[PDB]
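Enquirer: This is the structure, below, for whatever I ask next.
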Amino acid sequence: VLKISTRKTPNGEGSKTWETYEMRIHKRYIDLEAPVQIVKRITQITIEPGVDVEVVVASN
Amino acid sequence: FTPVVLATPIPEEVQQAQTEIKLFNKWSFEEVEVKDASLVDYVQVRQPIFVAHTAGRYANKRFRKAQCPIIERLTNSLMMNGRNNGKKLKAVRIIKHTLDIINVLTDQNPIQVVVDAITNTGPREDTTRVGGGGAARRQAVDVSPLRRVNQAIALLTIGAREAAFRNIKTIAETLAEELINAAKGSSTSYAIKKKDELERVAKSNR
Amino acid sequence: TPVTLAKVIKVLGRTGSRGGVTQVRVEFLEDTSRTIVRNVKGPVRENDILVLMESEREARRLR
Amino acid sequence: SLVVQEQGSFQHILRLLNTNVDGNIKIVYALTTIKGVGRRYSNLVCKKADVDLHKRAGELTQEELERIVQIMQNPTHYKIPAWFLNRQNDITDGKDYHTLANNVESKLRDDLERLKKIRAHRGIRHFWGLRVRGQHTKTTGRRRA
Amino acid sequence: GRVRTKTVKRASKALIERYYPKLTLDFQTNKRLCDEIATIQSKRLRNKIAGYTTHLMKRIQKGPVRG
Amino acid sequence: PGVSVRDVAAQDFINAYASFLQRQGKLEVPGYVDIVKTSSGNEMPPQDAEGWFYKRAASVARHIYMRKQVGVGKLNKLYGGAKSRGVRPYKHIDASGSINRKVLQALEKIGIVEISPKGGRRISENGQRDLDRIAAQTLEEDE
Amino acid sequence: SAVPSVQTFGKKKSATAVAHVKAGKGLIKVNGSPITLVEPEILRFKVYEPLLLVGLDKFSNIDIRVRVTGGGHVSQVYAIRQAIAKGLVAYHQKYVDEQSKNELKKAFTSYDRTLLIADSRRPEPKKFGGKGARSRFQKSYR
Amino acid sequence: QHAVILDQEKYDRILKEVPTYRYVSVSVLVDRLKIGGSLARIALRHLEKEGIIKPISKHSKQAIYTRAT
Amino acid sequence: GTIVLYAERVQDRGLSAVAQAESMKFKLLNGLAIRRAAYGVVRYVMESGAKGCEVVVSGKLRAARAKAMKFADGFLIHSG
RNA sequence: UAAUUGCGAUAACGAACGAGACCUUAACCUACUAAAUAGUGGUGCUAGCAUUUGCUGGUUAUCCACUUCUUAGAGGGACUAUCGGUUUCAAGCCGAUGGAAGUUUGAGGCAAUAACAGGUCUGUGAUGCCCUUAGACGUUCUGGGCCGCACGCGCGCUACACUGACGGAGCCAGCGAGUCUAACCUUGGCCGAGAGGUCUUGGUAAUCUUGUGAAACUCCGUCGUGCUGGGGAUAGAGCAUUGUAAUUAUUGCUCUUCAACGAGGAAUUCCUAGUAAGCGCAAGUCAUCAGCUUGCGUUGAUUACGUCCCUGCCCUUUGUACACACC
């Protein structure tokens, strides 16, 4: 949960009213064991705007 | 008391004095009566407990404050003036010590010495700020048996609090000195002083 | 020193301009055949027992 | 259990370093009446001087009083590190000192005189009676004296 | 205080008018009926409504309700 | 019947072992240890001048025992209290590093502790048995 | 082999305290140490409390591992006294008999200081304008 | 002032008086006598030699002793 | 080559309040009047399948002291 | 009723915006789908006490199992339920029982119509007009200044001590942050009283810092009512740290000087339950600097469950010579 707190006013007039904006970042990981085709296949068949995808090879 | 044993010891002063009767720290709740009617139902001394500390919840419905033992209601009124707020553990240690001092000074049940003090200090009648007209005079209303316990404890702690300030004694001492002078209105008790002052005023402007 | 107990039957409302005083009706404990209206300071419900100083009085409206 | 009495051995209010030192107050905090010694220093000098810190100032023989005064003025010779000292790396002598007694008002008067003579800014602040460390003076520091 | 709004009470009056024989005196069962004969956008409202429908029920079976 | 240090009162235990250490002659009380303050947060030097170093050392032995590994850093904050900053508010302030360190090195010489993998120290079999033998003594001290 | 054990927890504020109750020789340990030594001090009997209202003999046939995290010094105490009394009634629930279990419940709720039902109190958010959740900075007018 | 050193005569009082009162604390010895209080705490460890006074409650904050036996 | 620009039309420009906002600019930039250009955009939105519409113009409409004319129609909600 | 919230009364009938619904957060779930970046039980391998099988640990995966605690998806759950007391025996209120929760569940986000000559042109490469434009009111550079101190007012920090201070030892959070064409969050080793130095290390992060081993606090002792070891202002001397740069002390560290303040006058602010108050911590700022704010958890109460007496706003009645509207 990203949080940003600012003052509602530009400049400094009025009762001191604050705000707080959020950005919510959801992470999860799925493990698979698949040969040549099903690797790049699975990366591009399941793609979507807004959703970031990155695949790690293995080990180190 | 049929002392049973298990893989992790558990002391003998623990097994006995507990599983038989649910004493206080180790004082008995039985054989202690509120020696004044009209103040029972409120001064709660009938449900026993070991330490004057519980996850209470007496500020939701109005009168629920009464199913709270007066011991813990006494302790809770100890922890005040800014520097003491919230330090309950300290207060229970004060009160536990206050009862030992009392018991020594006059046999009896210390928990009875306390209950005695609350009853004899709650003002029977009191003064209210009536309209009066200009120099607003007063009127002499009576005070609730809930307040009779409320303002009592209130006086019995403000007494021992202001007593043991820049004085060589401790809180458990000036509280065992203020409970003792109130368990039998010695009139050298700060509370008894205020009490016989309210009733005095409430008798004079009626 | 004569002292009279009194048990609540019913609670009227609340007087005093600030709202401090509460009117109530009580039995006379030792004698059920009496019934007097008194002014109170603290919070009073039903069945709780007053402690009357002067056992006559019986007042009413209060600011 | 030091429930011991001592007859006429106890002697309250003695004198060290030209200052008056009460006897009825404990050793560590007794000495601290002396301009130049404080709680940590008086706690340390009495250690090196093999003084039983539990005593009162009224106790301790003139012998045990001599092993304290001596260490106190020549402190660095008794495994007392220099950071514990109130005037290290002087400015006109380069030695580590720990001035005591009247010489705390003396070397203070001197230091203040030094950087007043040379007319440094800080000095002029000491002269005008103002505040010399860069604190504010607009809202605070009133009442004076 | 807990004073049910008109949006709630309106739905309560409307159901009972055209679904009395099916509706009962129990909240839990009523609650499930609403999901079969009414489209509601939030769970609380449906619970809020179904709770008030049963309120009218427990007093219909006690004499006719005013309106 | 099989005593752990996890069966002894931490006040009783550490009081006991910190005497078994002082009367055992050998540890290695640092050159200072009569002038030091244990933390810059503190105000005065420790009141038990003669053997406070033995107090801490014992406490650490117990403390590493009931863990996996604890370095100089973790110990400096463990013993750090509050620091009066005069007319300003209080904050947390870490304790002396030289103190805790010299404790952890003087405790290797007596094989109570030892450098562990993953960093920090760890109680050894030599010391594990050593606190498990004095655990009894202060648990059997009922006449 | 794997023993007939059960597992309950007890939360007070931010103190969730896991418990384990396996059939054994009657040991009762919190955080690698016997329950006799729970050293927040005066609140000692607060953790003894469940072992007395229900009869000291009930535990002799069962082992108690209680590990605690979070909260504070007092909140952990109420969190462990709750984990204990909740595993006993959950032991009779599964391995023993219904009649016996309610006998244990009845011994608690007739005394219940939380014991086997979670105290729902939590802290309230601060909002801008003061330092407390309700408390407000001092204003000065004219 | 008070007394932060035993005057021996002062040691006569402590051995022959404290068995009178059934409550003896740090402040008790300070009020009735004029002990320093620093030497009252030590007076209590001493008075538990063969126990002129008997203990019931010992604590850093509070010391609660009684009469003899 | 690692980034490519595409080009749609629009999902009926009578519902995107951005294109309409841009329209009100141009209309007034094309010398058209306040109430004319306002009612005009609104009526286009109503006849575009919307539930409601509100076009507010703030500033100095008749010069000097500035004002604010609200031209709204249909059904609107504000709060939750 | 918290509410133009509703029951109703009804020349009104039927409706829309606002309130409510809603959305977020905190509470419950042994029911479902899962987990070497979260856990637990067994098992290897291993250490110590007891050896009576037992108790406490080590082992980044030894192997196997599971989802209670953790995470977050999908759902369930409450609707003031059930009973009673009241009232047009209507909306509703009160009590008791049950329930994770019964105060709009706690707390918020959002928030109509109409208005103000409120503030902001010093956030804007938003802007009309004027001003000025090469002796510049443009930009940049060196130095100084914004902090200057007889004094008046506001917000605050530390305090006046024993319900404490100091010294040991006990030891428990949650919200959070963190390094590319770069030097952030930093463990551990060593060095140094300290503050800090040096050598390595992990972490683009449920993995590493971090169990953020926080403070209040618990305990054990020293001091003993003494402007006292309560209090830490003023000031001297020295070591370091940030930075091109520290004097007008940036901050940190150590020694010493050891003030006012003995509970605060007329007045006056804030507050109803995990609330007040006390306690510290992360985050903003940030090269360095928090006594400031935005949040967080730890400890955790006295009183009220009322009224219109005061100060305000709301509705209605009423007066009006007010409409630039009682400035």
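Ordering of the structure tokens sets the chain letters (A, B, ...); residue numbers start at 1 within each chain; ligands are numbered from 1 in the order shown.
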Could you give me, as a PyMOL selection string, the residues within 8 Å of range 13-28 of chain A, counting only C-alpha atoms (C1' of nucleotides) and dropping anything in the same chain fewer than 4 positions from it?
Expert: (chain A and resi 1-9) or (chain G and resi 128-129) or (chain J and resi 119-120)
Enquirer: Any chance you could export the current selection's C-alpha atoms (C1' of nucleotides) as a PDB file, in the first residue's frame?
Expert:
```pdb
ATOM      1  CA  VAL A   1       0.000   0.000   0.000  1.00  0.00           C
ATOM      2  CA  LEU A   2       1.582   3.215  -1.213  1.00  0.00           C
ATOM      3  CA  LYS A   3       0.543   6.305   0.715  1.00  0.00           C
ATOM      4  CA  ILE A   4       0.863   9.991  -0.142  1.00  0.00           C
ATOM      5  CA  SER A   5      -0.288  12.652   2.327  1.00  0.00           C
ATOM      6  CA  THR A   6      -0.573  16.291   1.268  1.00  0.00           C
ATOM      7  CA  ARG A   7      -2.336  19.479   2.260  1.00  0.00           C
ATOM      8  CA  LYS A   8      -5.542  20.147   0.345  1.00  0.00           C
ATOM      9  CA  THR A   9      -4.720  23.846  -0.021  1.00  0.00           C
TER      10      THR A   9
ATOM     11  CA  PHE G 128      -5.695  15.481  11.067  1.00  0.00           C
ATOM     12  CA  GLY G 129      -6.344  18.258  13.563  1.00  0.00           C
TER      13      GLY G 129
ATOM     14  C1'   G J 119      -6.767  32.796   0.563  1.00  0.00           C
ATOM     15  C1'   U J 120      -3.676  31.791  -3.402  1.00  0.00           C
TER      16        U J 120
END
```
Enquirer: Determine which residues of chain I receive a DSSP assignment of strand (DSSP E or B), computed from the backbone, and state them as an MDAnalysis selection string.
Expert: chainID I and resid 52:59 67:74
Enquirer: Would you save the residues of that selection, restricted to N, CA, C and O atoms, as a PDB file, in the first residue's frame?
Expert:
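selection25.pdb, freshly written:
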```pdb
ATOM      1  N   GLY I  52     -27.617  12.146 -17.789  1.00  0.00           N
ATOM      2  CA  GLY I  52     -27.627  13.568 -17.500  1.00  0.00           C
ATOM      3  C   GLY I  52     -26.418  14.293 -18.069  1.00  0.00           C
ATOM      4  O   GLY I  52     -25.559  13.686 -18.711  1.00  0.00           O
ATOM      5  N   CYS I  53     -26.353  15.599 -17.830  1.00  0.00           N
ATOM      6  CA  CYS I  53     -25.250  16.415 -18.319  1.00  0.00           C
ATOM      7  C   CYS I  53     -25.216  17.761 -17.603  1.00  0.00           C
ATOM      8  O   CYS I  53     -26.259  18.358 -17.349  1.00  0.00           O
ATOM      9  N   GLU I  54     -24.016  18.232 -17.273  1.00  0.00           N
ATOM     10  CA  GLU I  54     -23.853  19.560 -16.697  1.00  0.00           C
ATOM     11  C   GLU I  54     -22.636  20.255 -17.274  1.00  0.00           C
ATOM     12  O   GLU I  54     -21.521  19.766 -17.142  1.00  0.00           O
ATOM     13  N   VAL I  55     -22.851  21.393 -17.923  1.00  0.00           N
ATOM     14  CA  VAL I  55     -21.738  22.185 -18.435  1.00  0.00           C
ATOM     15  C   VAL I  55     -21.708  23.550 -17.766  1.00  0.00           C
ATOM     16  O   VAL I  55     -22.573  24.388 -18.003  1.00  0.00           O
ATOM     17  N   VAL I  56     -20.709  23.758 -16.918  1.00  0.00           N
ATOM     18  CA  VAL I  56     -20.582  25.001 -16.174  1.00  0.00           C
ATOM     19  C   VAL I  56     -19.487  25.860 -16.775  1.00  0.00           C
ATOM     20  O   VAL I  56     -18.403  25.367 -17.080  1.00  0.00           O
ATOM     21  N   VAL I  57     -19.782  27.142 -16.959  1.00  0.00           N
ATOM     22  CA  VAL I  57     -18.784  28.103 -17.399  1.00  0.00           C
ATOM     23  C   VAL I  57     -18.539  29.132 -16.303  1.00  0.00           C
ATOM     24  O   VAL I  57     -19.452  29.849 -15.899  1.00  0.00           O
ATOM     25  N   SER I  58     -17.310  29.193 -15.808  1.00  0.00           N
ATOM     26  CA  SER I  58     -16.951  30.207 -14.822  1.00  0.00           C
ATOM     27  C   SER I  58     -16.022  31.240 -15.451  1.00  0.00           C
ATOM     28  O   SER I  58     -15.426  30.994 -16.499  1.00  0.00           O
ATOM     29  N   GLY I  59     -15.914  32.399 -14.811  1.00  0.00           N
ATOM     30  CA  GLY I  59     -15.112  33.486 -15.335  1.00  0.00           C
ATOM     31  C   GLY I  59     -15.912  34.766 -15.457  1.00  0.00           C
ATOM     32  O   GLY I  59     -16.940  34.933 -14.796  1.00  0.00           O
ATOM     33  N   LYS I  67     -18.420  35.871 -13.060  1.00  0.00           N
ATOM     34  CA  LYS I  67     -19.579  35.109 -12.594  1.00  0.00           C
ATOM     35  C   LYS I  67     -19.486  33.634 -12.992  1.00  0.00           C
ATOM     36  O   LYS I  67     -18.434  33.160 -13.430  1.00  0.00           O
ATOM     37  N   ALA I  68     -20.591  32.910 -12.835  1.00  0.00           N
ATOM     38  CA  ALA I  68     -20.621  31.484 -13.147  1.00  0.00           C
ATOM     39  C   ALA I  68     -22.011  31.017 -13.566  1.00  0.00           C
ATOM     40  O   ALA I  68     -22.933  30.970 -12.757  1.00  0.00           O
ATOM     41  N   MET I  69     -22.146  30.662 -14.840  1.00  0.00           N
ATOM     42  CA  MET I  69     -23.406  30.167 -15.380  1.00  0.00           C
ATOM     43  C   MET I  69     -23.404  28.646 -15.481  1.00  0.00           C
ATOM     44  O   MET I  69     -22.511  28.060 -16.093  1.00  0.00           O
ATOM     45  N   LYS I  70     -24.414  28.015 -14.888  1.00  0.00           N
ATOM     46  CA  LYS I  70     -24.539  26.557 -14.903  1.00  0.00           C
ATOM     47  C   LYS I  70     -25.608  26.083 -15.890  1.00  0.00           C
ATOM     48  O   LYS I  70     -26.786  26.408 -15.749  1.00  0.00           O
ATOM     49  N   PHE I  71     -25.188  25.309 -16.884  1.00  0.00           N
ATOM     50  CA  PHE I  71     -26.108  24.772 -17.878  1.00  0.00           C
ATOM     51  C   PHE I  71     -26.179  23.247 -17.789  1.00  0.00           C
ATOM     52  O   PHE I  71     -25.400  22.541 -18.434  1.00  0.00           O
ATOM     53  N   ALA I  72     -27.121  22.745 -16.992  1.00  0.00           N
ATOM     54  CA  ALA I  72     -27.239  21.310 -16.743  1.00  0.00           C
ATOM     55  C   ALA I  72     -28.596  20.750 -17.168  1.00  0.00           C
ATOM     56  O   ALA I  72     -29.591  21.471 -17.209  1.00  0.00           O
ATOM     57  N   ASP I  73     -28.628  19.456 -17.472  1.00  0.00           N
ATOM     58  CA  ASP I  73     -29.865  18.794 -17.879  1.00  0.00           C
ATOM     59  C   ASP I  73     -29.798  17.279 -17.682  1.00  0.00           C
ATOM     60  O   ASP I  73     -28.719  16.689 -17.713  1.00  0.00           O
ATOM     61  N   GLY I  74     -30.955  16.654 -17.483  1.00  0.00           N
ATOM     62  CA  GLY I  74     -31.032  15.210 -17.346  1.00  0.00           C
ATOM     63  C   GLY I  74     -31.163  14.754 -15.907  1.00  0.00           C
ATOM     64  O   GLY I  74     -31.975  15.281 -15.151  1.00  0.00           O
TER      65      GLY I  74
END
```
Enquirer: Could I get the residues of chain J with an atom no further than 9 Å from an atom of chain E, each paired with its nearest atom pair and that distance in Å to one decimal, using only C-alpha atoms (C1' of nucleotides), sorted by chain and residue number, as a Markdown table?
Expert:
```
| residue | atom | partner | partner_atom | distance |
| --- | --- | --- | --- | --- |
| J:1 | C1' | E:1 | CA | 5.9 |
| J:2 | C1' | E:1 | CA | 6.7 |
| J:5 | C1' | E:3 | CA | 6.0 |
| J:6 | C1' | E:3 | CA | 6.4 |
| J:20 | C1' | E:5 | CA | 6.8 |
| J:21 | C1' | E:45 | CA | 7.6 |
| J:22 | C1' | E:42 | CA | 8.9 |
| J:78 | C1' | E:47 | CA | 7.7 |
| J:79 | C1' | E:51 | CA | 4.5 |
| J:80 | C1' | E:2 | CA | 7.5 |
| J:81 | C1' | E:27 | CA | 8.3 |
| J:90 | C1' | E:66 | CA | 8.1 |
| J:91 | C1' | E:3 | CA | 7.8 |
| J:92 | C1' | E:3 | CA | 7.2 |
| J:93 | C1' | E:1 | CA | 8.9 |
| J:103 | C1' | E:1 | CA | 8.6 |
| J:104 | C1' | E:1 | CA | 7.1 |
```
Enquirer: Can you pull out every residue within 9 Å of range 19-21 of chain G, counting only C-alpha atoms (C1' of nucleotides), but drop anything in the same chain fewer than 2 positions away, and send it as a list in words?
Expert: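 Residues meeting the cut-off are residues 4, 5, 6, 7, 8, 9, 10, 17, 23, 24, 30, 62, 63, 64, 65, 66, 67, 68, 80, 83, 84, 86, 87, 88, 90 and 91 of chain G; 68 and 69 of chain J.
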Enquirer: Given only C-alpha atoms, how would the per-residue table for chain B near chain H read, listing every residue at most 12 Å away with its closest atom pair and distance in Å to one decimal, sorted by chain and number, as JSON lines?
Expert:
```
{"residue": "B:90", "atom": "CA", "partner": "H:61", "partner_atom": "CA", "distance": 9.9}
{"residue": "B:91", "atom": "CA", "partner": "H:61", "partner_atom": "CA", "distance": 11.6}
{"residue": "B:93", "atom": "CA", "partner": "H:61", "partner_atom": "CA", "distance": 9.0}
{"residue": "B:94", "atom": "CA", "partner": "H:62", "partner_atom": "CA", "distance": 8.5}
{"residue": "B:95", "atom": "CA", "partner": "H:62", "partner_atom": "CA", "distance": 11.1}
{"residue": "B:96", "atom": "CA", "partner": "H:57", "partner_atom": "CA", "distance": 10.0}
{"residue": "B:97", "atom": "CA", "partner": "H:62", "partner_atom": "CA", "distance": 7.2}
{"residue": "B:98", "atom": "CA", "partner": "H:62", "partner_atom": "CA", "distance": 9.6}
{"residue": "B:99", "atom": "CA", "partner": "H:64", "partner_atom": "CA", "distance": 10.6}
{"residue": "B:100", "atom": "CA", "partner": "H:64", "partner_atom": "CA", "distance": 7.4}
{"residue": "B:101", "atom": "CA", "partner": "H:64", "partner_atom": "CA", "distance": 6.7}
{"residue": "B:102", "atom": "CA", "partner": "H:23", "partner_atom": "CA", "distance": 9.6}
{"residue": "B:103", "atom": "CA", "partner": "H:23", "partner_atom": "CA", "distance": 10.1}
{"residue": "B:104", "atom": "CA", "partner": "H:23", "partner_atom": "CA", "distance": 6.7}
{"residue": "B:105", "atom": "CA", "partner": "H:23", "partner_atom": "CA", "distance": 6.7}
{"residue": "B:106", "atom": "CA", "partner": "H:22", "partner_atom": "CA", "distance": 9.6}
{"residue": "B:107", "atom": "CA", "partner": "H:22", "partner_atom": "CA", "distance": 10.9}
{"residue": "B:164", "atom": "CA", "partner": "H:27", "partner_atom": "CA", "distance": 11.3}
{"residue": "B:167", "atom": "CA", "partner": "H:27", "partner_atom": "CA", "distance": 9.4}
{"residue": "B:168", "atom": "CA", "partner": "H:27", "partner_atom": "CA", "distance": 6.0}
{"residue": "B:169", "atom": "CA", "partner": "H:27", "partner_atom": "CA", "distance": 5.6}
{"residue": "B:170", "atom": "CA", "partner": "H:62", "partner_atom": "CA", "distance": 7.7}
{"residue": "B:171", "atom": "CA", "partner": "H:62", "partner_atom": "CA", "distance": 9.5}
{"residue": "B:172", "atom": "CA", "partner": "H:62", "partner_atom": "CA", "distance": 8.0}
{"residue": "B:173", "atom": "CA", "partner": "H:62", "partner_atom": "CA", "distance": 9.1}
{"residue": "B:174", "atom": "CA", "partner": "H:27", "partner_atom": "CA", "distance": 11.0}
{"residue": "B:176", "atom": "CA", "partner": "H:23", "partner_atom": "CA", "distance": 11.8}
```
Enquirer: Once DSSP has gone over the backbone, tell me which residues of range 126-190 of chain B are in alpha helix (DSSP H), as a PyMOL selection string.
Expert: chain B and resi 147-163+171-178+180-183+190
Enquirer: Include N, CA and C atoms and write out the residues we just selected as a CSV table (one decimal), in the first residue's frame.
Expert:
```
chain,number,residue,atom,x,y,z
B,147,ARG,N,-23.4,7.2,42.9
B,147,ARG,CA,-22.5,8.3,43.1
B,147,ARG,C,-21.9,8.1,44.5
B,148,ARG,N,-22.7,7.6,45.4
B,148,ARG,CA,-22.2,7.3,46.8
B,148,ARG,C,-21.0,6.5,46.8
B,149,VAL,N,-20.8,5.6,45.8
B,149,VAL,CA,-19.6,4.8,45.6
B,149,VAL,C,-18.6,5.6,44.8
B,150,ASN,N,-19.1,6.3,43.7
B,150,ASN,CA,-18.3,7.0,42.8
B,150,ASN,C,-17.4,8.1,43.5
B,151,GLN,N,-18.1,9.1,44.1
B,151,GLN,CA,-17.4,10.2,44.8
B,151,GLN,C,-16.6,9.8,46.0
B,152,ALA,N,-17.0,8.6,46.6
B,152,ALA,CA,-16.3,8.1,47.7
B,152,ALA,C,-14.9,7.7,47.4
B,153,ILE,N,-14.8,6.7,46.5
B,153,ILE,CA,-13.5,6.3,46.0
B,153,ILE,C,-12.7,7.5,45.5
B,154,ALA,N,-13.4,8.4,44.8
B,154,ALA,CA,-12.9,9.6,44.3
B,154,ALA,C,-12.2,10.4,45.4
B,155,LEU,N,-12.8,10.5,46.6
B,155,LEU,CA,-12.3,11.2,47.7
B,155,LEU,C,-11.1,10.4,48.4
B,156,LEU,N,-11.3,9.1,48.5
B,156,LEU,CA,-10.4,8.3,49.2
B,156,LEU,C,-9.0,8.1,48.4
B,157,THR,N,-9.0,8.5,47.2
B,157,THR,CA,-7.7,8.5,46.4
B,157,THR,C,-7.1,9.8,46.3
B,158,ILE,N,-7.9,10.9,46.1
B,158,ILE,CA,-7.4,12.2,46.1
B,158,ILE,C,-6.8,12.5,47.5
B,159,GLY,N,-7.4,11.9,48.5
B,159,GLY,CA,-6.8,12.0,49.9
B,159,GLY,C,-5.4,11.4,49.9
B,160,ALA,N,-5.3,10.1,49.7
B,160,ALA,CA,-4.0,9.5,49.7
B,160,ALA,C,-3.0,10.0,48.7
B,161,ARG,N,-3.5,10.6,47.6
B,161,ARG,CA,-2.6,11.1,46.6
B,161,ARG,C,-1.9,12.4,47.0
B,162,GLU,N,-2.7,13.3,47.5
B,162,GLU,CA,-2.2,14.6,48.0
B,162,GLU,C,-1.5,14.4,49.3
B,163,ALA,N,-1.8,13.3,50.0
B,163,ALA,CA,-1.1,13.0,51.2
B,163,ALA,C,0.3,12.7,51.0
B,171,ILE,N,2.4,5.4,48.6
B,171,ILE,CA,1.0,5.5,48.3
B,171,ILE,C,0.3,4.4,49.0
B,172,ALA,N,0.8,3.2,49.1
B,172,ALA,CA,0.2,2.1,49.8
B,172,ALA,C,0.1,2.4,51.3
B,173,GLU,N,0.9,3.3,51.8
B,173,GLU,CA,0.9,3.6,53.2
B,173,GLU,C,-0.2,4.7,53.5
B,174,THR,N,-0.2,5.8,52.7
B,174,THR,CA,-1.2,6.8,52.9
B,174,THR,C,-2.6,6.4,52.4
B,175,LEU,N,-2.7,5.3,51.7
B,175,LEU,CA,-3.9,4.7,51.3
B,175,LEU,C,-4.4,3.7,52.3
B,176,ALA,N,-3.5,3.1,53.0
B,176,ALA,CA,-3.9,2.2,54.1
B,176,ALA,C,-4.1,3.1,55.4
B,177,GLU,N,-3.7,4.3,55.3
B,177,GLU,CA,-3.9,5.3,56.4
B,177,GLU,C,-5.3,6.0,56.2
B,178,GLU,N,-5.6,6.1,54.9
B,178,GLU,CA,-6.9,6.8,54.6
B,178,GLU,C,-8.1,5.9,54.5
B,180,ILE,N,-8.2,3.3,56.7
B,180,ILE,CA,-8.4,3.0,58.1
B,180,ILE,C,-9.2,4.0,58.8
B,181,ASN,N,-8.9,5.3,58.5
B,181,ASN,CA,-9.6,6.4,59.1
B,181,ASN,C,-11.0,6.6,58.5
B,182,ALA,N,-11.3,5.8,57.5
B,182,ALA,CA,-12.6,5.9,56.8
B,182,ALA,C,-13.5,4.7,57.1
B,183,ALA,N,-12.8,3.6,57.4
B,183,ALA,CA,-13.5,2.3,57.8
B,183,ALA,C,-14.2,2.5,59.1
B,190,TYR,N,-9.2,12.6,55.1
B,190,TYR,CA,-9.5,13.7,54.1
B,190,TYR,C,-10.9,13.5,53.5
```
Enquirer: Can you pull out the residues contacting residue 55 in chain D? Cut-off 10 Å, using only C-alpha atoms (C1' of nucleotides), and skip same-chain residues under 2 positions away; I want them as an MDAnalysis selection string.
Expert: (chainID D and resid 2 23:28 51:53 57:60) or (chainID H and resid 5)
Enquirer: Name all residues at most 8 Å from residue 84 in chain D (count only C-alpha atoms (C1' of nucleotides); drop same-chain ones fewer than 2 positions away) and give them as a list in words.
Expert: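 Residues near the query, excluding close chain neighbours: residues 41, 80, 81, 82 and 86 of chain D; 254 and 255 of chain J.
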Enquirer: One decimal, in Å: what's the spacing between CA of residue 58 in chain E and CA of residue 40 in chain E?
Expert: 23.1 Å
Enquirer: For a quick test of understanding: name the residues of chain B lying within 12 Å of chain F when counting only C-alpha atoms, and present them as JSON, numbers by chain.
Expert: {"B": [7, 8, 9]}
Enquirer: Keeping only N, CA and C atoms, write the selected residues to a file as an mmCIF file, in the first residue's frame.
Expert:
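As written to disk, again-v8.cif reads:
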```cif
data_model
loop_
_atom_site.group_PDB
_atom_site.id
_atom_site.type_symbol
_atom_site.label_atom_id
_atom_site.label_comp_id
_atom_site.auth_asym_id
_atom_site.auth_seq_id
_atom_site.Cartn_x
_atom_site.Cartn_y
_atom_site.Cartn_z
ATOM 1 N N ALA B 7 3.759 -32.910 34.545
ATOM 2 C CA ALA B 7 5.116 -32.735 34.017
ATOM 3 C C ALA B 7 5.745 -31.378 34.335
ATOM 4 N N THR B 8 4.917 -30.349 34.471
ATOM 5 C CA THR B 8 5.397 -29.039 34.897
ATOM 6 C C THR B 8 4.821 -28.675 36.270
ATOM 7 N N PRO B 9 5.637 -28.841 37.328
ATOM 8 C CA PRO B 9 5.384 -28.710 38.766
ATOM 9 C C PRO B 9 4.074 -28.045 39.193
#
```
Enquirer: Report as a list in words all protein, DNA and RNA residues lying within 10 Å of residue 64 in chain F, evaluated on only C-alpha atoms (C1' of nucleotides), omitting residues in the same chain fewer than 6 positions from it.
Expert: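 Near residue 64 in chain F, the qualifying residues are residues 70, 71, 75, 112, 113, 120, 121, 122, 123 and 124 of chain F.
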Enquirer: For C-alpha atoms, I'd like the residues from the last selection saved as a PDB file, in the first residue's frame.
Expert:
```pdb
ATOM      1  CA  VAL F  70      23.141 -12.408  18.053  1.00  0.00           C
ATOM      2  CA  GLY F  71      25.893  -9.986  17.045  1.00  0.00           C
ATOM      3  CA  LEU F  75      23.184  -6.422  21.747  1.00  0.00           C
ATOM      4  CA  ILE F 112      30.976 -20.155  26.504  1.00  0.00           C
ATOM      5  CA  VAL F 113      30.436 -18.614  23.085  1.00  0.00           C
ATOM      6  CA  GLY F 120      27.248 -13.107  15.161  1.00  0.00           C
ATOM      7  CA  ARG F 121      28.083 -15.493  17.993  1.00  0.00           C
ATOM      8  CA  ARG F 122      26.448 -18.697  19.239  1.00  0.00           C
ATOM      9  CA  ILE F 123      26.539 -20.633  22.507  1.00  0.00           C
ATOM     10  CA  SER F 124      28.731 -23.732  22.235  1.00  0.00           C
TER      11      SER F 124
END
```
